[PDB]
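Here's target25.pdb, which has PDB, C-alpha atoms and all ligand atoms:
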```
MODEL        1
ATOM      1  CA  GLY A   1      -9.207 265.350-194.077
ATOM      2  CA  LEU A   2      -7.794 268.965-194.222
ATOM      3  CA  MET A   3      -9.451 269.941-190.818
ATOM      4  CA  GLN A   4      -6.600 271.081-188.438
ATOM      5  CA  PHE A   5      -7.940 271.797-184.915
ATOM      6  CA  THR A   6      -6.258 275.091-183.727
ATOM      7  CA  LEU A   7      -6.358 276.760-180.304
ATOM      8  CA  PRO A   8      -6.292 280.430-179.281
ATOM      9  CA  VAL A   9      -2.723 281.801-179.198
ATOM     10  CA  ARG A  10      -2.185 281.590-175.383
ATOM     11  CA  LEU A  11      -3.383 277.918-175.303
ATOM     12  CA  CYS A  12      -1.515 277.110-178.552
ATOM     13  CA  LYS A  13       1.705 278.207-176.763
ATOM     14  CA  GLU A  14       0.996 277.171-173.132
ATOM     15  CA  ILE A  15      -0.272 273.621-174.100
ATOM     16  CA  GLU A  16       3.307 272.569-175.118
ATOM     17  CA  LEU A  17       4.559 273.224-171.552
ATOM     18  CA  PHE A  18       4.374 270.519-168.809
ATOM     19  CA  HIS A  19       2.580 272.872-166.307
ATOM     20  CA  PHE A  20      -0.383 273.688-168.652
ATOM     21  CA  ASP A  21      -3.799 273.900-166.898
ATOM     22  CA  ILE A  22      -6.639 272.944-169.363
ATOM     23  CA  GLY A  23      -8.946 275.604-167.828
ATOM     24  CA  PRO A  24     -12.520 275.692-166.438
ATOM     25  CA  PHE A  25     -14.298 275.516-169.869
ATOM     26  CA  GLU A  26     -15.401 271.818-170.021
ATOM     27  CA  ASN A  27     -16.653 272.252-173.643
ATOM     28  CA  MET A  28     -13.035 272.944-174.853
ATOM     29  CA  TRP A  29     -11.418 269.817-173.255
ATOM     30  CA  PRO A  30     -12.430 267.484-176.174
ATOM     31  CA  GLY A  31     -10.896 269.860-178.752
ATOM     32  CA  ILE A  32      -7.758 270.173-176.520
ATOM     33  CA  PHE A  33      -7.456 266.372-176.580
ATOM     34  CA  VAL A  34      -8.045 266.050-180.395
ATOM     35  CA  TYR A  35      -5.490 268.830-180.937
ATOM     36  CA  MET A  36      -3.034 266.850-178.793
ATOM     37  CA  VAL A  37      -3.560 263.538-180.765
ATOM     38  CA  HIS A  38      -3.147 265.374-184.146
ATOM     39  CA  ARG A  39       0.245 266.963-183.131
ATOM     40  CA  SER A  40       1.403 263.838-181.185
ATOM     41  CA  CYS A  41       0.395 261.063-183.592
ATOM     42  CA  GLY A  42      -0.690 262.645-186.919
ATOM     43  CA  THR A  43      -3.896 264.127-188.427
ATOM     44  CA  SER A  44      -4.714 260.517-189.670
ATOM     45  CA  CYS A  45      -4.096 258.184-186.603
ATOM     46  CA  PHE A  46      -7.918 258.084-186.162
ATOM     47  CA  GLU A  47     -11.033 258.700-188.309
ATOM     48  CA  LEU A  48     -12.163 262.071-186.781
ATOM     49  CA  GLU A  49     -15.930 261.012-186.592
ATOM     50  CA  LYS A  50     -14.938 257.809-184.639
ATOM     51  CA  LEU A  51     -12.470 259.742-182.422
ATOM     52  CA  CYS A  52     -15.111 262.381-181.449
ATOM     53  CA  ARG A  53     -17.750 259.671-180.644
ATOM     54  CA  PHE A  54     -15.193 257.770-178.489
ATOM     55  CA  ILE A  55     -14.217 261.006-176.595
ATOM     56  CA  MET A  56     -17.890 261.837-175.836
ATOM     57  CA  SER A  57     -18.623 258.202-174.672
ATOM     58  CA  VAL A  58     -15.458 258.230-172.505
ATOM     59  CA  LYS A  59     -16.591 261.631-171.082
ATOM     60  CA  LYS A  60     -20.138 260.299-170.345
ATOM     61  CA  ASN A  61     -18.618 257.322-168.408
ATOM     62  CA  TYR A  62     -16.681 259.621-165.975
ATOM     63  CA  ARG A  63     -18.712 260.569-162.866
ATOM     64  CA  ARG A  64     -19.250 263.995-161.212
ATOM     65  CA  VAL A  65     -16.779 263.328-158.329
ATOM     66  CA  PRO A  66     -14.511 266.084-156.949
ATOM     67  CA  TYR A  67     -11.166 264.831-158.366
ATOM     68  CA  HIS A  68     -11.360 261.489-160.312
ATOM     69  CA  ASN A  69     -13.377 263.149-163.098
ATOM     70  CA  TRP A  70     -13.249 264.020-166.815
ATOM     71  CA  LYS A  71     -11.027 267.073-166.019
ATOM     72  CA  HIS A  72      -8.507 264.641-164.409
ATOM     73  CA  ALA A  73      -8.668 262.345-167.481
ATOM     74  CA  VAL A  74      -7.750 265.225-169.820
ATOM     75  CA  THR A  75      -5.097 266.685-167.426
ATOM     76  CA  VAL A  76      -3.250 263.271-167.286
ATOM     77  CA  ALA A  77      -3.526 262.920-171.134
ATOM     78  CA  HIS A  78      -2.000 266.424-171.589
ATOM     79  CA  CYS A  79       0.979 265.535-169.297
ATOM     80  CA  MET A  80       1.504 262.355-171.446
ATOM     81  CA  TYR A  81       1.405 264.712-174.518
ATOM     82  CA  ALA A  82       4.128 266.964-173.043
ATOM     83  CA  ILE A  83       6.313 263.867-172.327
ATOM     84  CA  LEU A  84       5.792 262.370-175.832
ATOM     85  CA  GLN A  85       6.492 265.756-177.567
ATOM     86  CA  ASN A  86       9.791 266.388-175.594
ATOM     87  CA  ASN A  87      10.919 262.750-176.466
ATOM     88  CA  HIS A  88       9.760 262.574-180.178
ATOM     89  CA  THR A  89      11.986 259.701-181.452
ATOM     90  CA  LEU A  90      11.875 257.260-178.454
ATOM     91  CA  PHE A  91       8.303 255.918-179.056
ATOM     92  CA  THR A  92       6.609 253.843-181.804
ATOM     93  CA  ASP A  93       3.585 254.970-183.940
ATOM     94  CA  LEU A  94       1.476 252.550-181.755
ATOM     95  CA  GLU A  95       2.778 253.750-178.321
ATOM     96  CA  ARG A  96       1.888 257.372-179.267
ATOM     97  CA  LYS A  97      -1.621 256.125-180.440
ATOM     98  CA  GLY A  98      -2.257 253.961-177.313
ATOM     99  CA  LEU A  99      -0.806 256.072-174.437
ATOM    100  CA  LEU A 100      -2.952 259.251-174.944
ATOM    101  CA  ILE A 101      -6.076 256.985-175.141
ATOM    102  CA  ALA A 102      -4.735 255.022-172.152
ATOM    103  CA  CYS A 103      -4.506 258.270-170.098
ATOM    104  CA  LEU A 104      -7.978 259.600-171.218
ATOM    105  CA  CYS A 105      -9.507 256.214-170.209
ATOM    106  CA  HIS A 106      -7.283 255.462-167.173
ATOM    107  CA  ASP A 107      -9.885 256.321-164.453
ATOM    108  CA  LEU A 108     -13.121 255.461-166.418
ATOM    109  CA  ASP A 109     -16.217 255.103-164.166
ATOM    110  CA  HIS A 110     -14.256 255.905-160.925
ATOM    111  CA  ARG A 111     -16.551 256.494-157.884
ATOM    112  CA  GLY A 112     -14.021 258.414-155.726
ATOM    113  CA  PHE A 113     -12.959 255.452-153.490
ATOM    114  CA  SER A 114      -9.628 253.545-153.166
ATOM    115  CA  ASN A 115      -9.219 249.818-154.000
ATOM    116  CA  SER A 116      -8.871 249.554-150.142
ATOM    117  CA  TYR A 117     -12.442 250.884-149.546
ATOM    118  CA  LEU A 118     -13.947 248.483-152.189
ATOM    119  CA  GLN A 119     -12.253 245.560-150.313
ATOM    120  CA  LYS A 120     -13.510 246.585-146.835
ATOM    121  CA  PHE A 121     -17.020 247.421-148.168
ATOM    122  CA  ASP A 122     -16.860 244.082-150.056
ATOM    123  CA  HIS A 123     -17.899 245.644-153.412
ATOM    124  CA  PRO A 124     -18.690 243.131-156.210
ATOM    125  CA  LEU A 125     -15.709 244.605-158.197
ATOM    126  CA  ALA A 126     -13.378 243.378-155.327
ATOM    127  CA  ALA A 127     -14.591 239.743-155.907
ATOM    128  CA  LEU A 128     -14.193 240.008-159.731
ATOM    129  CA  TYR A 129     -10.644 241.606-159.398
ATOM    130  CA  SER A 130      -8.606 240.730-156.240
ATOM    131  CA  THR A 131      -5.767 243.252-157.002
ATOM    132  CA  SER A 132      -5.692 246.552-158.965
ATOM    133  CA  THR A 133      -9.547 246.414-158.559
ATOM    134  CA  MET A 134     -10.444 249.866-159.959
ATOM    135  CA  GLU A 135      -7.638 249.715-162.557
ATOM    136  CA  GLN A 136      -8.860 246.374-164.048
ATOM    137  CA  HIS A 137     -12.385 247.951-164.101
ATOM    138  CA  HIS A 138     -11.059 251.084-165.908
ATOM    139  CA  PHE A 139      -9.444 248.912-168.668
ATOM    140  CA  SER A 140     -12.639 246.776-168.859
ATOM    141  CA  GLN A 141     -14.671 250.024-169.375
ATOM    142  CA  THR A 142     -12.216 251.108-172.145
ATOM    143  CA  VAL A 143     -12.802 247.815-174.104
ATOM    144  CA  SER A 144     -16.620 248.171-173.636
ATOM    145  CA  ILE A 145     -16.580 251.691-175.164
ATOM    146  CA  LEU A 146     -14.182 250.529-177.961
ATOM    147  CA  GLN A 147     -16.812 247.843-178.931
ATOM    148  CA  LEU A 148     -19.727 250.307-179.160
ATOM    149  CA  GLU A 149     -20.808 250.661-182.829
ATOM    150  CA  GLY A 150     -18.833 253.427-184.622
ATOM    151  CA  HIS A 151     -16.389 253.781-181.614
ATOM    152  CA  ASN A 152     -13.498 251.499-182.810
ATOM    153  CA  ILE A 153     -10.828 254.211-183.388
ATOM    154  CA  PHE A 154      -8.324 251.321-183.967
ATOM    155  CA  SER A 155     -10.463 249.759-186.816
ATOM    156  CA  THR A 156      -7.709 250.475-189.465
ATOM    157  CA  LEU A 157      -4.934 248.594-187.508
ATOM    158  CA  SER A 158      -3.956 244.974-188.445
ATOM    159  CA  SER A 159      -5.097 242.063-186.209
ATOM    160  CA  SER A 160      -1.629 242.049-184.461
ATOM    161  CA  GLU A 161      -1.263 245.895-184.280
ATOM    162  CA  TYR A 162      -4.769 246.010-182.651
ATOM    163  CA  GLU A 163      -3.671 243.342-180.057
ATOM    164  CA  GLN A 164      -0.381 245.266-179.447
ATOM    165  CA  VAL A 165      -2.209 248.621-178.845
ATOM    166  CA  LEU A 166      -4.836 247.019-176.456
ATOM    167  CA  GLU A 167      -1.922 245.401-174.487
ATOM    168  CA  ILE A 168      -0.040 248.775-174.306
ATOM    169  CA  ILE A 169      -3.315 250.332-172.959
ATOM    170  CA  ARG A 170      -3.920 247.452-170.432
ATOM    171  CA  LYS A 171      -0.383 247.637-168.917
ATOM    172  CA  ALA A 172      -0.545 251.483-169.075
ATOM    173  CA  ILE A 173      -3.819 251.465-167.022
ATOM    174  CA  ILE A 174      -2.729 248.727-164.527
ATOM    175  CA  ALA A 175       0.441 250.833-163.835
ATOM    176  CA  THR A 176      -1.713 253.675-162.368
ATOM    177  CA  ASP A 177      -2.234 251.370-159.344
ATOM    178  CA  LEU A 178       0.178 253.281-157.046
ATOM    179  CA  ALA A 179       0.614 249.981-155.028
ATOM    180  CA  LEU A 180       2.647 248.746-158.079
ATOM    181  CA  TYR A 181       4.557 252.059-158.590
ATOM    182  CA  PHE A 182       7.001 251.500-155.656
ATOM    183  CA  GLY A 183       8.541 248.236-156.924
ATOM    184  CA  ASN A 184       8.371 249.441-160.540
ATOM    185  CA  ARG A 185      10.460 252.563-159.698
ATOM    186  CA  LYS A 186      13.004 250.625-157.464
ATOM    187  CA  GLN A 187      13.588 248.168-160.384
ATOM    188  CA  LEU A 188      13.993 251.129-162.795
ATOM    189  CA  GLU A 189      16.450 252.880-160.358
ATOM    190  CA  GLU A 190      18.558 249.629-160.112
ATOM    191  CA  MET A 191      18.463 248.904-163.902
ATOM    192  CA  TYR A 192      19.537 252.472-164.938
ATOM    193  CA  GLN A 193      22.253 252.722-162.127
ATOM    194  CA  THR A 194      23.963 249.359-163.099
ATOM    195  CA  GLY A 195      23.521 250.110-166.889
ATOM    196  CA  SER A 196      21.292 246.997-167.510
ATOM    197  CA  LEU A 197      18.332 249.291-168.598
ATOM    198  CA  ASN A 198      17.696 248.558-172.357
ATOM    199  CA  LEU A 199      14.804 250.228-174.322
ATOM    200  CA  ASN A 200      14.818 247.387-176.983
ATOM    201  CA  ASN A 201      13.870 245.012-174.080
ATOM    202  CA  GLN A 202      10.008 245.066-174.280
ATOM    203  CA  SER A 203       9.736 244.323-170.473
ATOM    204  CA  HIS A 204      11.989 247.423-169.871
ATOM    205  CA  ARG A 205       9.804 249.646-172.148
ATOM    206  CA  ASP A 206       6.776 248.388-170.109
ATOM    207  CA  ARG A 207       8.421 249.574-166.823
ATOM    208  CA  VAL A 208       9.312 252.999-168.367
ATOM    209  CA  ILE A 209       5.745 253.436-169.774
ATOM    210  CA  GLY A 210       4.543 252.338-166.299
ATOM    211  CA  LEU A 211       6.598 255.137-164.679
ATOM    212  CA  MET A 212       5.388 257.768-167.208
ATOM    213  CA  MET A 213       1.787 256.796-166.200
ATOM    214  CA  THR A 214       2.502 257.370-162.476
ATOM    215  CA  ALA A 215       4.142 260.732-163.473
ATOM    216  CA  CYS A 216       1.156 261.852-165.648
ATOM    217  CA  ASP A 217      -1.293 260.563-163.012
ATOM    218  CA  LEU A 218       0.497 262.592-160.248
ATOM    219  CA  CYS A 219       1.002 265.676-162.531
ATOM    220  CA  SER A 220      -1.217 267.908-160.237
ATOM    221  CA  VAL A 221       1.932 268.231-157.970
ATOM    222  CA  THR A 222       3.864 269.644-161.035
ATOM    223  CA  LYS A 223       1.564 272.700-161.671
ATOM    224  CA  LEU A 224       1.880 276.387-160.754
ATOM    225  CA  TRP A 225       1.308 276.542-156.963
ATOM    226  CA  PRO A 226      -2.281 278.000-157.094
ATOM    227  CA  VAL A 227      -3.375 275.070-159.389
ATOM    228  CA  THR A 228      -1.602 272.471-157.152
ATOM    229  CA  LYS A 229      -3.095 274.003-153.966
ATOM    230  CA  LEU A 230      -6.671 274.138-155.415
ATOM    231  CA  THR A 231      -6.474 270.569-156.833
ATOM    232  CA  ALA A 232      -5.316 269.437-153.334
ATOM    233  CA  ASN A 233      -8.815 270.576-152.148
ATOM    234  CA  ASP A 234     -10.526 268.309-154.748
ATOM    235  CA  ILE A 235      -8.143 265.454-153.819
ATOM    236  CA  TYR A 236      -8.794 265.794-150.024
ATOM    237  CA  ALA A 237     -12.601 266.133-150.611
ATOM    238  CA  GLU A 238     -12.605 262.510-151.924
ATOM    239  CA  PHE A 239     -10.246 261.242-149.177
ATOM    240  CA  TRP A 240     -12.455 262.758-146.435
ATOM    241  CA  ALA A 241     -15.644 261.291-148.073
ATOM    242  CA  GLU A 242     -13.889 257.866-148.139
ATOM    243  CA  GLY A 243     -12.876 258.452-144.503
ATOM    244  CA  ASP A 244     -16.530 259.161-143.596
ATOM    245  CA  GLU A 245     -17.504 255.848-145.320
ATOM    246  CA  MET A 246     -14.733 253.969-143.467
ATOM    247  CA  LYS A 247     -16.220 255.311-140.159
ATOM    248  CA  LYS A 248     -19.737 254.207-141.365
ATOM    249  CA  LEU A 249     -18.224 250.640-141.726
ATOM    250  CA  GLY A 250     -16.962 250.975-138.056
ATOM    251  CA  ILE A 251     -13.285 251.636-139.034
ATOM    252  CA  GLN A 252     -10.927 254.516-138.008
ATOM    253  CA  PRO A 253      -9.535 255.611-141.387
ATOM    254  CA  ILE A 254      -5.827 256.532-141.811
ATOM    255  CA  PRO A 255      -5.368 260.208-140.757
ATOM    256  CA  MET A 256      -4.944 261.209-144.514
ATOM    257  CA  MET A 257      -8.670 260.389-145.035
ATOM    258  CA  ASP A 258      -9.859 261.750-141.606
ATOM    259  CA  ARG A 259     -11.577 265.170-142.016
ATOM    260  CA  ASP A 260     -11.157 265.830-138.249
ATOM    261  CA  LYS A 261      -7.344 265.927-138.909
ATOM    262  CA  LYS A 262      -7.395 268.712-141.631
ATOM    263  CA  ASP A 263      -4.614 270.432-139.535
ATOM    264  CA  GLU A 264      -2.231 267.525-140.653
ATOM    265  CA  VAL A 265      -2.627 268.151-144.477
ATOM    266  CA  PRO A 266       0.573 270.231-144.973
ATOM    267  CA  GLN A 267       2.684 267.455-143.275
ATOM    268  CA  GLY A 268       0.846 264.751-145.360
ATOM    269  CA  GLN A 269       1.769 266.651-148.549
ATOM    270  CA  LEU A 270       5.414 266.624-147.234
ATOM    271  CA  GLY A 271       5.222 262.834-146.714
ATOM    272  CA  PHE A 272       3.723 262.298-150.204
ATOM    273  CA  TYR A 273       6.209 264.570-152.101
ATOM    274  CA  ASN A 274       9.197 262.884-150.285
ATOM    275  CA  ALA A 275       7.813 259.262-150.391
ATOM    276  CA  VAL A 276       6.162 259.306-153.877
ATOM    277  CA  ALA A 277       6.299 262.381-156.165
ATOM    278  CA  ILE A 278      10.020 263.470-155.938
ATOM    279  CA  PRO A 279      11.362 259.887-156.265
ATOM    280  CA  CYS A 280       8.919 259.361-159.200
ATOM    281  CA  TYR A 281      10.043 262.475-161.215
ATOM    282  CA  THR A 282      13.734 261.983-160.091
ATOM    283  CA  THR A 283      13.830 258.386-161.568
ATOM    284  CA  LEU A 284      11.781 259.639-164.617
ATOM    285  CA  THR A 285      14.267 262.514-165.339
ATOM    286  CA  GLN A 286      17.253 260.040-165.142
ATOM    287  CA  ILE A 287      15.567 257.725-167.693
ATOM    288  CA  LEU A 288      14.053 260.592-169.805
ATOM    289  CA  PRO A 289      16.165 263.778-169.493
ATOM    290  CA  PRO A 290      13.764 266.251-171.247
ATOM    291  CA  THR A 291      11.122 265.662-168.414
ATOM    292  CA  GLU A 292      13.213 267.678-165.834
ATOM    293  CA  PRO A 293      10.540 270.446-165.737
ATOM    294  CA  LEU A 294       8.205 267.926-163.914
ATOM    295  CA  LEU A 295      10.909 267.354-161.197
ATOM    296  CA  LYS A 296      11.678 271.113-160.937
ATOM    297  CA  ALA A 297       7.934 272.057-160.542
ATOM    298  CA  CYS A 298       7.419 269.179-158.047
ATOM    299  CA  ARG A 299      10.419 270.468-156.006
ATOM    300  CA  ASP A 300       9.030 274.091-156.218
ATOM    301  CA  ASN A 301       5.598 272.896-154.835
ATOM    302  CA  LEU A 302       7.251 270.818-152.056
ATOM    303  CA  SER A 303       8.992 274.092-151.077
ATOM    304  CA  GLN A 304       5.525 275.784-151.172
ATOM    305  CA  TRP A 305       4.062 273.093-148.758
ATOM    306  CA  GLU A 306       7.062 273.614-146.369
ATOM    307  CA  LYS A 307       6.105 277.354-146.377
ATOM    308  CA  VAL A 308       2.444 276.582-145.438
ATOM    309  CA  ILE A 309       3.719 274.697-142.295
ATOM    310  CA  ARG A 310       6.100 277.555-141.296
ATOM    311  CA  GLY A 311       2.961 279.834-141.236
ATOM    312  CA  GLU A 312       4.326 281.946-144.247
ATOM    313  CA  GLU A 313       1.000 280.933-146.007
TER     314      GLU A 313
HETATM  315  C1  LIG B   1      -1.791 263.847-156.868
HETATM  316  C2  LIG B   1      -1.812 263.425-155.478
HETATM  317  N1  LIG B   1      -2.089 262.115-155.161
HETATM  318  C3  LIG B   1      -2.021 262.103-153.802
HETATM  319  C4  LIG B   1      -2.180 260.988-152.908
HETATM  320  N2  LIG B   1      -2.465 259.713-153.372
HETATM  321  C5  LIG B   1      -2.268 259.148-154.673
HETATM  322  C6  LIG B   1      -3.362 258.172-154.812
HETATM  323  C7  LIG B   1      -3.490 257.592-153.435
HETATM  324  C8  LIG B   1      -2.870 258.606-152.454
HETATM  325  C9  LIG B   1      -1.969 261.309-151.552
HETATM  326  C10 LIG B   1      -1.701 262.646-151.091
HETATM  327 CL1  LIG B   1      -1.615 262.782-149.361
HETATM  328  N3  LIG B   1      -1.597 263.719-151.898
HETATM  329  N4  LIG B   1      -1.713 263.398-153.203
HETATM  330  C11 LIG B   1      -1.579 264.239-154.302
HETATM  331  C12 LIG B   1      -1.266 265.642-154.132
HETATM  332 MG    MG B   2      -6.892 255.515-160.822
HETATM  333 ZN    ZN B   3      -5.846 259.020-162.127
ENDMDL
END
```
How would this structure read if it were set down as structure tokens?
Amino acid sequence: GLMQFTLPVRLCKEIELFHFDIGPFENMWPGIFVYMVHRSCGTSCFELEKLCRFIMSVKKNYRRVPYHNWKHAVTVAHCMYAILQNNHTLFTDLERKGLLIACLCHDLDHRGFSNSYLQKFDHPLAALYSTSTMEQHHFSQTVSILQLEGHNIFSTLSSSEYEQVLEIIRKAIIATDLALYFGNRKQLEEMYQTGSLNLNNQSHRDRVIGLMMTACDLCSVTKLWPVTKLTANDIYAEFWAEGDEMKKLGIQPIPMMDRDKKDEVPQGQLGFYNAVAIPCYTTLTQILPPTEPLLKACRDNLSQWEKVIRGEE
């Protein structure tokens, strides 16, 4: 009951910042996450014994893939923590509870392949879920782990609070399907620019939580350049594997996923920052002003990719 998780001084300080890297010590990530829940939500949102057993089951159900791994899960959860801490009063007791869990769980049991690859390979998951294939599977894995004995961290909620939190987590996880991001952001642009945007409108909150999830999910583009650059390796290692598997199915993969076209990476980062990242953190900063650091870091790293092309690194 009186057991405050504390971190070494540098982490204690650095963790509050958007650009925090959680480090190479796997065995500290669970304590980083519990620390984040306690400061975000309260020391009493969750029975500690249930929380810990949930975290270790979630961890076990992430695979040893180069990017879509347990490190990713905790990285996206920490970005959500930074957003929630710099916007204290805008979110309910339940949204704070559900969104960190949503982020930790958001890529559960990912195999390192796009929804696109499942559809062309004709994976059973693509017959069970026609759109947002992996994302419906991720949510489905969350519920499975929540129903393991001694793993219901939401046990103390009412019947209707429990249903509310599982619906926050479902929409939060579906929103990480980047196919849905584009429309979601355009609608948020329009609504904020005409003044229609209203945070008491539940369907408007949903869109804003949706955009936060894209932002946290893409947060590797908002790090110090050496972190961004080294994560890009892990990211491309999956794409090139998936490209290999597309070729095995007798299909030329998009150049992004083609490991013969490594030369084109810097320009592909350009495309991505201009088409996806900058628009994402631009619209997010308009809706949620204290998140500007994400936009500024994203801009700084775009500038760093421009420099790679110009042969200045
Ligand atoms: C975080 C991040 N995500 C991507 C990404 N995708 C998002 C998921 C599907 C495509 C594409 C590219 Cl080219 N870079 N990139 C980065 C840096
Ligand atoms: Mg995903
Ligand atoms: Zn993700």
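Pocket residues of ligand ZN 3 (chain B), taken as those with any atom at most 8 Å away using only C-alpha atoms and all ligand atoms, are residues 68, 72, 73, 76, 106, 107, 176, 217 and 218 of chain A.
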Store the residues of this selection in a file with C-alpha atoms, as an mmCIF file, keeping the file's coordinate frame.
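Writing the result to again_32.cif gives the following:
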```
data_model
loop_
_atom_site.group_PDB
_atom_site.id
_atom_site.type_symbol
_atom_site.label_atom_id
_atom_site.label_comp_id
_atom_site.auth_asym_id
_atom_site.auth_seq_id
_atom_site.Cartn_x
_atom_site.Cartn_y
_atom_site.Cartn_z
ATOM 1 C CA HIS A 68 -11.360 261.489 -160.312
ATOM 2 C CA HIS A 72 -8.507 264.641 -164.409
ATOM 3 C CA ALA A 73 -8.668 262.345 -167.481
ATOM 4 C CA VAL A 76 -3.250 263.271 -167.286
ATOM 5 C CA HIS A 106 -7.283 255.462 -167.173
ATOM 6 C CA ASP A 107 -9.885 256.321 -164.453
ATOM 7 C CA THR A 176 -1.713 253.675 -162.368
ATOM 8 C CA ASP A 217 -1.293 260.563 -163.012
ATOM 9 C CA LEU A 218 0.497 262.592 -160.248
#
```
Two-atom distance - CA of residue 247 (chain A), CA of residue 230 (chain A) (Å): 26.0 Å
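Residues in contact with ligand LIG 1 (chain B) comprise residues 218, 220, 221, 232, 268, 269 and 272 of chain A, where contact means an atom-to-atom distance of at most 6 Å counting only C-alpha atoms and all ligand atoms.
CA of residue 304 (chain A) is found 7.2 Å from CA of residue 225 (chain A).
With only C-alpha atoms and all ligand atoms as the atoms that count, the set of residues no farther than 10 Å from ligand MG 2 (chain B) is residues 68, 72, 73, 103, 105, 106, 107, 108, 109, 110, 112, 113, 114, 115, 132, 133, 134, 135, 136, 137, 138, 173, 174, 175, 176, 177, 178, 214 and 217 of chain A.
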Using only C-alpha atoms, the residue out of A:215, A:82, A:278, A:241 with shortest distance to residue 65 (chain A) is A:241
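If you look at CA of residue 183 (chain A) and CA of residue 111 (chain A), they are 26.4 Å away from each other.
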Of A:22, A:185, A:97, A:160, the one sitting nearest residue 279 (chain A) when using all atoms listed in the file is A:185
Residues matched by the PyMOL selection byres (((chain A and resi 119-122) around 12) and not hetatm) as a compact mmCIF listing (two decimals) with C-alpha atoms, in the coordinates of the input:
```txt
# COMPACT_ATOMS: atom_id res chain seq x y z
CA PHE A 113 -12.96 255.45 -153.49
CA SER A 114 -9.63 253.54 -153.17
CA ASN A 115 -9.22 249.82 -154.00
CA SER A 116 -8.87 249.55 -150.14
CA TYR A 117 -12.44 250.88 -149.55
CA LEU A 118 -13.95 248.48 -152.19
CA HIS A 123 -17.90 245.64 -153.41
CA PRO A 124 -18.69 243.13 -156.21
CA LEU A 125 -15.71 244.60 -158.20
CA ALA A 126 -13.38 243.38 -155.33
CA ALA A 127 -14.59 239.74 -155.91
CA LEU A 128 -14.19 240.01 -159.73
CA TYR A 129 -10.64 241.61 -159.40
CA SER A 130 -8.61 240.73 -156.24
CA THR A 131 -5.77 243.25 -157.00
CA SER A 132 -5.69 246.55 -158.96
CA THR A 133 -9.55 246.41 -158.56
CA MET A 134 -10.44 249.87 -159.96
CA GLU A 242 -13.89 257.87 -148.14
CA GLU A 245 -17.50 255.85 -145.32
CA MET A 246 -14.73 253.97 -143.47
CA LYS A 247 -16.22 255.31 -140.16
CA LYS A 248 -19.74 254.21 -141.36
CA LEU A 249 -18.22 250.64 -141.73
CA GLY A 250 -16.96 250.98 -138.06
CA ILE A 251 -13.28 251.64 -139.03
CA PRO A 253 -9.54 255.61 -141.39
```
All residues 8 Å or closer to region 263-267 of chain A, only C-alpha atoms, same chain fewer than 6 positions away omitted, as a PDB file with C-alpha atoms, in the frame of the given file:
```
ATOM      1  CA  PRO A 255      -5.368 260.208-140.757  1.00  0.00           C
ATOM      2  CA  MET A 256      -4.944 261.209-144.514  1.00  0.00           C
ATOM      3  CA  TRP A 305       4.062 273.093-148.758  1.00  0.00           C
ATOM      4  CA  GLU A 306       7.062 273.614-146.369  1.00  0.00           C
ATOM      5  CA  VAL A 308       2.444 276.582-145.438  1.00  0.00           C
ATOM      6  CA  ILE A 309       3.719 274.697-142.295  1.00  0.00           C
TER       7      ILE A 309
END
```
Could you list the residues chosen by the PyMOL selection byres (((chain A and resi 23) around 12) and not hetatm) in this structure as JSON, numbers by chain? {"A": [10, 11, 14, 15, 19, 20, 21, 22, 24, 25, 26, 27, 28, 29, 32, 71, 72, 74, 75, 227]}
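Take the candidates A:66, A:297, A:146, A:81 and check each one against residue 239 (chain A) using all atoms listed in the file; the shortest distance goes to A:66.
This file, queried with the PyMOL selection byres (((chain A and resi 284) around 10) and not hetatm), gives the residues residues 185, 188, 189, 208, 211, 212, 214, 215, 278, 279, 280, 281, 282, 283, 285, 286, 287, 288, 289, 290, 291, 292, 294 and 295 of chain A.
Distances to residue 228 (chain A) were evaluated for A:12, A:93, A:262, A:300 using all atoms listed in the file, and the minimum falls at A:300.
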